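Here is the structure we will look at.
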Amino acid sequence: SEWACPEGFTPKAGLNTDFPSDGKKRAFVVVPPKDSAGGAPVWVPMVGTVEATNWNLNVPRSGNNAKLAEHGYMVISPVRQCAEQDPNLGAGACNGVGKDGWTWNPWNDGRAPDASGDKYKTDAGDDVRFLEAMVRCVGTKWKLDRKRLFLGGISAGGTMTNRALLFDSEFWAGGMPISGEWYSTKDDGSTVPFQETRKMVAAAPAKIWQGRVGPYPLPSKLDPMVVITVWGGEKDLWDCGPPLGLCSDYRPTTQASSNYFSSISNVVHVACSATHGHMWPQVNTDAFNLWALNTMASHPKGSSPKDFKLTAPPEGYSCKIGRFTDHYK
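Every number in the deposited numbering is 1 more than the matching position in the sequence shown, counting from 1.
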């Protein structure tokens, strides 16, 4: 069976705590659709560094992702390890550098550039496993569509989405990484500082760049999926003030991710450009979210790329099949 729960755990509507996974106690919020017509498509939205899981689900400014349950989607939003099972915790310990082999603390989304992260060149990490186990467990109490499991997120959550799609494409039918990092590296897997990294990518904008967000080396093949990468435009940057300052620019990262997924023949990639900067899509939010999910739901796992049809997104967005062509000149 595709569906199972860990010993002693049973899923319920709303907040779930103490889900056992890789020896940790994990939490997640379940918002079921009113009817699971024999099998509901799934949306797993993830916050980034400073927004609380409940904001992403219930506050417009942060996405209002629970609204998708009104349109037939089962929505499951996972709580970050650092928030220690609190869905109302925004930043806290989450706003910090990573440890134990990880780059950034919110999500186990990319191996650290030093030796500490070498095990993660091949090990997907605890978060990739949690996300799958979580969905597999909810699936024992509500009927879910195994071929329509989609995940997504903003910032660190988009980074985590990229990692899960790279390491566990057998599970997810695809997803929507919004302004996620790629942690681009040189071909041999080594990392150079932010500035050089930005420049090397701008110097070769169509190249397939390796990255610590994924396995090293990146897979030459993946299971069938549909991926919608979202870039928020010129101001889509992450700057946390001195001394670190500007440390992520999502132009090269969404270019690099779009290049890779567009190069995998059995994966449909959609490159969406918006103008809201770095936060959940702000223009026509509800409409965009529903457009994006229905677009992914139109391409269930195992669909042929040649049959995918892209419809126009709401005003505020410009999407094309394939890699981004609007990031570099």
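Cβ atoms here follow ideal geometry from the backbone N, Cα and C, with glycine treated the same way.
Under 7 Å Cβ to Cβ from residue i, same chain only, skipping five residues before and after it: list those, please.
i	result
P61	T286
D327	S274
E52	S63, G91
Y184	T104, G111, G212, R213, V214
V202	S185, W210, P253, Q256, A257
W173	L150, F151, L152, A165, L166, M226
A157	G49, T50, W105, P107, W108, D110
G323	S263, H270, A272
Tell me which residue opens and which closes the beta strand (DSSP E) that residue i is part of.
i	result
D240	238 to 240
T18	15 to 22
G175	175 to 179
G153	145 to 155
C320	319 to 322
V76	75 to 79
Round the Cβ separation of residue i and residue j to the nearest angstrom and send it over; I've been treating them as touching at under 8 Å.
i	j	result
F151	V45	7 Å
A92	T50	7 Å
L58	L291	With 8 Å as the limit, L58 and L291 do not qualify as a contact, their Cβ atoms being about 15 Å apart.
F10	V80	So it is not a contact: roughly 15 Å between Cβ atoms.
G111	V214	4 Å
residue 333	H279	The requested residue 333 is not part of the displayed model; the chain covers only 2 to 330.
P225	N267	5 Å
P282	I179	7 Å
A293	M177	6 Å
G153	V48	Contact flag wrong, Cβ pair sits at about 11 Å.
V284	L311	Not really, about 19 Å apart at Cβ, beyond 8 Å.
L247	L238	6 Å
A5	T141	6 Å
Could you tell me the boundaries of the alpha helix (DSSP H) in which residue i lies?
i	result
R199	195 to 204
residue 332	Nothing about residue 332 can be reported from this structure: the residues present for the chain run from 2 to 330 only.
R62	No alpha helix (DSSP H) contains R62, which DSSP labels as neither H nor E.
Please return the same chain residues whose Cβ sits closer than 8 Å to the Cβ of residue i, not counting the five positions on each side in sequence.
i	result
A134	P7, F20, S22
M75	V31, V32, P33, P34, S37, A41, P42, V43, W44, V139, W143, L145
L219	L167, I209, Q211, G212, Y261
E85	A94
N65	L58, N59, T286, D287, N290
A207	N260, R324
For residue i, tell me which candidate among the options has the shortest Cα-Cα distance.
i	options	result
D188	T198, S180, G317, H277	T198
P33	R27, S78, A5	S78
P107	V269, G181, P315	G181
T104	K321, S37, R164, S305	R164
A38	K200, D146, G323	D146
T123	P244, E52, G190, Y74	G190
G24	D115, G126, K120	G126
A113	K148, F172, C241, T186	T186
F325	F289, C241, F262	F262
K222	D250, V193, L166, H277	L166
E3	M201, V136, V271, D115	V136
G234	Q86, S319, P12	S319
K302	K148, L247, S117	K148
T160	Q196, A207, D250, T192	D250
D87	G99, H72, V98, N17	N17
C241	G97, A204, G317, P194	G97
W56	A207, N89, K13, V129	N89
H72	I322, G323, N295	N295
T162	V129, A14, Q82	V129
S170	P216, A204, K200	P216
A204	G15, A14, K330	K330
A67	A14, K100, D119, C83	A14
Apart from the five residues on each side of it in sequence, which residues of its chain come closer than 6 Å, Cβ to Cβ, to residue i?
i	result
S264	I209
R27	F20, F131
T255	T230, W232
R252	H328
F309	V269, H300
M297	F151, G175, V227
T276	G234
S117	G102
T192	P114, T186
Point to revise | Complete runs of the beta strand (DSSP E) confined to the region 229 to 291 [at least 3 residues] | key: 238 to 240, 247 to 250, 268 to 274
Check your understanding: Going along the chain, which unbroken runs of the alpha helix (DSSP H) with 4 or more residues stay wholly within the region 27 to 59?
Key -> 54 to 59
**Study point:** In chain order, each beta strand (DSSP E) run of at least 3 residues that lies wholly inside the region 75 to 113
**Key:** 75 to 79
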